[PDB]
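Student: Once you've seen the sequence and the experimental structure below, I've got questions.
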2 protein chains.
Amino acid sequence: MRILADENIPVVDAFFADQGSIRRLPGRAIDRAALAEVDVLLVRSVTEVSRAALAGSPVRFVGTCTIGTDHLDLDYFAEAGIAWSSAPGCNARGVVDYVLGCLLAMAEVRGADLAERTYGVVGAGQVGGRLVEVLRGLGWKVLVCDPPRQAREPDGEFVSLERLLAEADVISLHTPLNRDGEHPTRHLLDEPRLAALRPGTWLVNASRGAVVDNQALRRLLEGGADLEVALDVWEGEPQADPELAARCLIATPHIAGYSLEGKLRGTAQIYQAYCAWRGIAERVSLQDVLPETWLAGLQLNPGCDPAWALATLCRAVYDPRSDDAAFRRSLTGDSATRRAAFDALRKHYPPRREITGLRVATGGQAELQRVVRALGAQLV
Amino acid sequence: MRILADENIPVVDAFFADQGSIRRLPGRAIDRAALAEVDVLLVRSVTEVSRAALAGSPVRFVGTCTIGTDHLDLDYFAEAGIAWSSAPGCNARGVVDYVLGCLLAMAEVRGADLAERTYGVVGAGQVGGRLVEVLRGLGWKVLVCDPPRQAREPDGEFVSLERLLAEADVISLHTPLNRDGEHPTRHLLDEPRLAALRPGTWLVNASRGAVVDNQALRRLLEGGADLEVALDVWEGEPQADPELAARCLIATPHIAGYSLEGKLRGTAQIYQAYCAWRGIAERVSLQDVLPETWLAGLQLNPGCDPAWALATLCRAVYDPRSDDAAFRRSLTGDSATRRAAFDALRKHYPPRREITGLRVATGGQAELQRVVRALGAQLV
Ligand SMILES: NC(=O)c1ccc[n+]([C@@H]2O[C@H](COP(=O)([O-])OP(=O)(O)OC[C@H]3O[C@@H](n4cnc5c(N)ncnc54)[C@H](O)[C@@H]3O)[C@@H](O)[C@H]2O)c1
Ligand SMILES: NC(=O)c1ccc[n+]([C@@H]2O[C@H](COP(=O)([O-])OP(=O)(O)OC[C@H]3O[C@@H](n4cnc5c(N)ncnc54)[C@H](O)[C@@H]3O)[C@@H](O)[C@H]2O)c1
C-alpha cells in the first residue's frame, strides 16, 4: 500500500511502516500530481480532499482529525468508493483537564465550593460530553445546552441557551464556530448576553475565539463587571486582545487541547479506522507509541478530604496557571512580536499528560474512589 | 505538678495528664493573679511572662512555641532559677515549605530556571539553616549571611550582607527583629539597599515585618522597580499595607510557619524539655498525636524531569498561592475590617502538612532521589 501523509502528522511510521511505503509532504504542497501514486491519504485541514482534488487518483482511504464530517464530501467518497476516517475527539480530553484546572483557579480566587456551583455546558460533543460526565460523576449540577443533540435525543434532558444563562453560574463553551446553518454560534455570547451575566458568574471559553464577542467582553470587564474569565481561544489569533487578556483570570494561547496524548491520538485513531476498513487486527497501539508518563501515580490516605483530593489530583497532572504565566510574558512586545510569541508558545508547548493516565490509590475510600472515577483516572 | 496553659495550646492532655492538674485560660487573661496555683506554665506570645507577673508564684518551668521569645523575661528566669523552653524550630519547617512555594511561583511568573539563581540567605538559624540545607542539597548556588554565627563558627562559609546583596538575585530573610546591638535588623532592607538590588531580584520576607522598610519597598515598586516580592510579614500587622500587598507576587497573613505539625511539635518539644528538667524518661512522643497525612505519597517514573518533579512534589503538599488568594480578599473592606480579616485567616488557618512527610518513589533515578532527599521528603 502507498501512503501519503501531511508532514506535520506525527508517528505515521510507527503505525503504518509494515503497511507499505510512506511519503511525506507539506499540507498545501499536496495536489493532483502528488496523489497519482497514493492509496491512503492522511491529511489535516490544509490539504484539499474534494471531488476536484481526488478524482482520477488511486486514493482509497482518507484519514483526518482536524476536518469534521460536515466539511468532508462523504457523498463523493461513497460514489468513488473511498473509505474515510474523521477521527472524533483526537484532542478532546486535554480540554477537559484545562477546564478543571480553570475551575480550581476560579474557586481559589473566590473561596468557592465547586460542588455548590451550577454548571452550564453549551455544546456537549467530544469535549463538552466528556466535561459533563466528569462534573456529574462528582455529583454536581449540570445544565446542558445542545439543540442538535436535543432533536436527536428526545429522552435526554437538555435546556435552551437562555435558560442555561438564567440558571448557570459557571459557563463553559464547547460548540463549533458556525456562522450559518440552523444554529449559528458566532458571538453566541454577544454584548446583551454578556452584560446580563449575574455578578460572580464564571466563564470558560476554550472552543473557538469568535464564539464570544471579545471586544464587548473587554469593555464589560473594563467597566467593572464582576466575573471570572478563562479564555484559551481568541477572536484575532495569533493576535489576542492584550487588554482583554489582562482582565482574564486564565489567558492561554489556544493550547487547552495540547496534551502529549492528544497530539498522537489523531494518528492512532486514523490507524484504527484504517484497520477496521482493511479488516486487519491492530499491530500498534497509542500506548506502544506514547513515552512513559513522568508522574506514574499518587497515593491518598482514606482520611483525605474529597475536595482537597480533586484539586491535588488535577494540578499534579496539569495546572493551566503555568501556561497563563508564559502567556503574560508573550504579551510584552509590539503587535508583531506578540503574534510571533503566541505561535511560538504553541510550537514549543511542553510535554503535558492527561488526568485519565494518572494512577490513584485511595485505600478503599468510597468518596475518594468516586472522585478518581469521575475524573477518569485509574484506580489502583 | 499544676499546669496552666494558654487554651489554644494543643495536646496538653496527651503530654501532661500524667503530671497532675491541668488548667486553661485565654492568653491575655494570664497574670500574677492567675499564676498563684501554677508550677508549670505553658504560653504563647500573647502573654507576658515578666518579673511583675511571676514574683511570688511557684512557677518553676515555662514553655512556649510561638513567634520569638520577646514575651519571656529570660534574665529574670536565669536569676530566679526558672527552667524554660522555647521549643526552638517547632514551626521552622512550614516556613521552608512556604519559601519553596514562593520560589516556584516566582520562577513560573518570570519563566526562570531555579537552578540558575544565586540564593542569599540572611540569617541561618532554625529556619534559614534548614533552607540553606535544601538549597545546597539541590546543588544550587547559595550565599549565607549570619554575622553572629560567623563570629562563633569562623571556619564556616559566610559572607557580609553587602556582598550577599551584590551577588544574590534571590534573597530570603530569616533574622530576628533587633533594634539594638552590633547587628540590628530593623530596616535591614532600607531604601538604599532595596534600590541597589539587581534588576529582576526576588525578595522573600517571612521573618518579621520591620526587617524590611515597607514604605520604601512600596515606593520603589510603584516607581517601576524590577523586582518580585513575597511577603508573609508586614510592618503594622494586622494592618498590612494594601498598596504594598497589591505589588507583591505573594502576600499572606503571617502564616508561613502554620503547618499542622508545627503546633503539635511545640507541645511535644516543651514536654521533652520538661522531662529533662525533671530528670525523667520521655514517655509520650509526637507520633502519638500526629494525624495520618491526606496525601501519602507520589510515584515518579525514572524519566521524570527533575525540575518538574521538584515543583510537583512541593505544590502537592503546599502552594502558598492558595493562602495569597484568601489574603487578597481580606484586603477589601475598611481598616478595621482588614485588620480583623487578617487575624481571622490566622485563627482559622486550614490543615496544612509538611513536605518532609511526603513519601516519594523515583524508580531508582539518581537525579530524582537527590531532589527528594534535598527536599527532606521520604524516599521509598
Ligand atoms: N482550545 C483547544 O485547544 C480546542 C481543542 C479541541 C477542540 N476545540 C474546540 O471545541 C469545540 C467543540 O469541539 P468538539 O470536538 O467537542 O466538537 P463536536 O462537534 O464533537 O461537538 C460540538 C457540540 O456542539 C453542539 N452545538 C452545535 N451548535 C450548538 C449551539 N448553537 N448551541 C449549543 N450546542 C451546539 C453540537 O451538537 C455538538 O454536540 C470546537 O470549536 C473545537 O474547535 C478546542
Ligand atoms: N512567618 C512565620 O510564620 C515565622 C515562623 C517562624 C519564625 N519566623 C521568624 O523567622 C525569623 C527566624 O526564625 P528562627 O526560628 O530561625 O530564629 P533563630 O534565632 O533560630 O535564627 C535567627 C538567625 O539570624 C541570625 N542573625 C541575627 N542577626 C542577624 C543579622 N543582622 N544578619 C544576619 N543574620 C542575623 C542569628 O545569628 C540566627 O542564626 C524570626 O524573626 C522568626 O520570628 C516567622
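Tutor: Good, I have the coordinates. Numbering: from 1, shown residues only, chains lettered A, B, ... in the order given. Ligands and ions are numbered 1, 2, ... in the order given.

Student: And the residue of the stretch 51-200 of chain A that's closest to ligand 1?
Tutor: Minimum separation of the stretch 51-200 of chain A from ligand 1 (Cβ to the nearest ligand atom) falls at residue A:125, amounting to 1.9 Å. Every residue, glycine included, has its C-beta placed from N, CA and C.

Student: burial of that residue, as a residue count?
Tutor: For residue A:125, the neighbour count with other Cβ atoms under 10 Å in any protein chain shown is 17.

Student: Surely it and residue A:173 touch.
Tutor: No: counting by Cβ atoms under 8 Å, residue A:125 stays clear of residue A:173, with 11.8 Å between them.

Student: thinking again about what came up before, can you list phi and psi of the residue of the stretch 51-200 of chain A closest to ligand 1 for me?
Tutor: phi -90, psi -130 (degrees, to the nearest 10).

Student: wait, what's in contact with it?
Tutor: Contact analysis of residue A:125 by Cβ atoms under 8 Å, 6 or more residues apart in numbering or on different chains lists A:89, A:146, A:149, A:174.

Student: again with residue A:329
Tutor: So residue A:329 contacts A:341, B:111 (Cβ under 8 Å, 6+ apart).

Student: Who are the contact partners of the residue lying farthest from the centre of chain A?
Tutor: Most distant residue from the mean C-alpha position of chain A: residue A:56, 35.7 Å away (Cα atoms, centre = their mean). Residue A:56 is in contact with residue A:32, counting by Cβ under 8 Å, 6+ apart.

Student: In space, what's closest to residue A:288 - neighbours in sequence excluded?
Tutor: Sequence neighbours aside, residue A:14 is the residue nearest to residue A:288 in space, at 7.4 Å (criterion: Cβ to Cβ, 6 or more residues apart in numbering or on different chains).

Student: Wasn't residue A:181 part of a helix?
Tutor: No: per DSSP: H, G, I helix; E, B strand; the rest coil, residue A:181 lies outside any helix segment and is coil.

Student: how close does it get to residue A:127?
Tutor: 19 Å (Cβ to Cβ, to the nearest Å).

Student: and if you look at residue A:320?
Tutor: From residue A:320 over to residue A:127 (counting by Cβ to Cβ), the distance is 15 Å.

Student: Then residue A:220?
Tutor: Counting by Cβ to Cβ, the gap from residue A:220 to residue A:127 is 25 Å.

Student: Same drill for these two, tell me which one is more crowded.
Tutor: Counted by other Cβ under 10 Å, residue A:220 and residue A:127 do not tie: residue A:127 has more neighbours, with 27 against 19.

Student: Quick check: the more buried one touching residue A:95?
Tutor: Yes: in this structure, residue A:127 is within contact of residue A:95 by Cβ under 8 Å, at 4.7 Å.

Student: Contacts for stretch A:11-30, please.
Tutor: Here stretch A:11-30 has contacts from A:1-8, A:34, A:38-44, A:46-48, A:264, A:267-268, A:271, A:274, A:283-284, A:288-289, using Cβ under 8 Å, 6+ apart.

Student: cutoff 7 Å now
Tutor: Residues from elsewhere that reach stretch A:11-30 (Cβ atoms under 7 Å, 6 or more residues apart in numbering or on different chains): A:1-8, A:34, A:42-44, A:46-47, A:264, A:267-268, A:271, A:283-284, A:289.

Student: what's the answer for stretch A:127-139, then?
Tutor: A:92-93, A:95-96, A:99, A:115, A:119, A:121, A:124, A:142, A:144, A:172, A:174, A:371, A:373-376.

Student: check contacts around the residue in the stretch 151-300 of chain A that ligand 1 sits nearest to.
Tutor: Of all residues in the stretch 151-300 of chain A, residue A:257 sits closest to ligand 1, at 2.9 Å by Cβ to the nearest ligand atom. Counting by Cβ under 7 Å, 6+ apart, residue A:257 touches A:91, A:94, A:95.

Student: Which one of these sits in the busiest neighbourhood?
Tutor: Busiest of the contacts of residue A:257 [other Cβ under 10 Å] is residue A:95, holding 27 neighbours.

Student: correct me, but it touches residue A:256?
Tutor: Yes: Residue A:95 lies in contact with residue A:256 (Cβ atoms under 7 Å); the separation is 4.4 Å.

Student: Need the overlap of contacts for the two.
Tutor: Residues touching both residue A:95 and residue A:256 by Cβ under 7 Å, 6+ apart: residue A:206.

Student: Near ligand 1, which residues of the stretch 251-380 of chain A? Just list them.
Tutor: Residues of the stretch 251-380 of chain A lying close to ligand 1 (Cβ under 6 Å from any ligand atom) are A:254, A:255, A:256, A:257.

Student: Let me have those residues in TSV, extended by secondary structure.
Tutor: Compiled in TSV, those are given as follows (three-state DSSP):
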residue	secondary structure
A:254	coil
A:255	coil
A:256	coil
A:257	coil
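
Student: From those, list just the buried residues.
Tutor: Buried subset of these (neighbour count, 16 or more other Cβ atoms under 10 Å in any protein chain shown): A:254, A:255, A:256, A:257.

Student: So which of those is the closest to chain B?
Tutor: The closest of these to chain B turns out to be residue A:255 (Cβ to the nearest Cβ; 15.6 Å).

Student: Between the buried ones among the residues of the stretch 251-380 of chain A next to ligand 1, which sits nearest residue B:228?
Tutor: Proximity of those to residue B:228 (Cβ to Cβ) peaks at residue A:255, which lies at 24.6 Å.

Student: contacting residues for the closest one?
Tutor: Residue A:255 sits next to A:232, A:323, A:346, A:349 when contact means Cβ under 7 Å, 6+ apart.

Student: and if you look at residue A:185?
Tutor: Counting by Cβ under 7 Å, 6+ apart, residue A:185 has contacts A:175, A:176, A:177, A:178, A:211.

Student: will you turn those residues into CSV that also has secondary structure, neighbour count and distance to ligand 2?
Tutor: CSV is the format used below for the contacts of residue A:185 (DSSP: H, G, I helix; E, B strand; the rest coil; neighbours: other Cβ atoms under 10 Å in any protein chain shown; distance: Cβ to the nearest ligand atom, whole Å):
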residue, secondary structure, neighbour count, distance to ligand 2
A:175, coil, 24, 48
A:176, coil, 15, 51
A:177, coil, 14, 50
A:178, coil, 15, 55
A:211, helix, 24, 46
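
Student: Compile those residues into a markdown table and extend it with columns for distance to chain B.
Tutor: Formatted as a markdown table, those follow (distance: Cβ to the nearest Cβ, whole Å):
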| residue | distance to chain B |
| --- | --- |
| A:175 | 31 |
| A:176 | 33 |
| A:177 | 32 |
| A:178 | 37 |
| A:211 | 29 |
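
Student: right, and residue A:121 touches residue A:142 too?
Tutor: Yes: counting by Cβ under 7 Å, residue A:121 touches residue A:142, with 6.2 Å between them.

Student: With neighbour numbers in mind, choose between the two.
Tutor: Set residue A:121 next to residue A:142 and count neighbours by other Cβ under 10 Å: residue A:121 wins out with 28 against 21.

Student: Now the more buried one: which helix or strand?
Tutor: Assessed by DSSP states H and E, residue A:121 sits inside strand A:118-122.

Student: Remind me what that strand packs against, helices and strands.
Tutor: Helices and strands touching strand A:118-122, by 3 or more Cβ pairs under 7 Å, 6 or more residues apart in numbering or on different chains; DSSP states H and E, are helix A:126-137, strand A:141-145, helix A:161-167, strand A:170-173.
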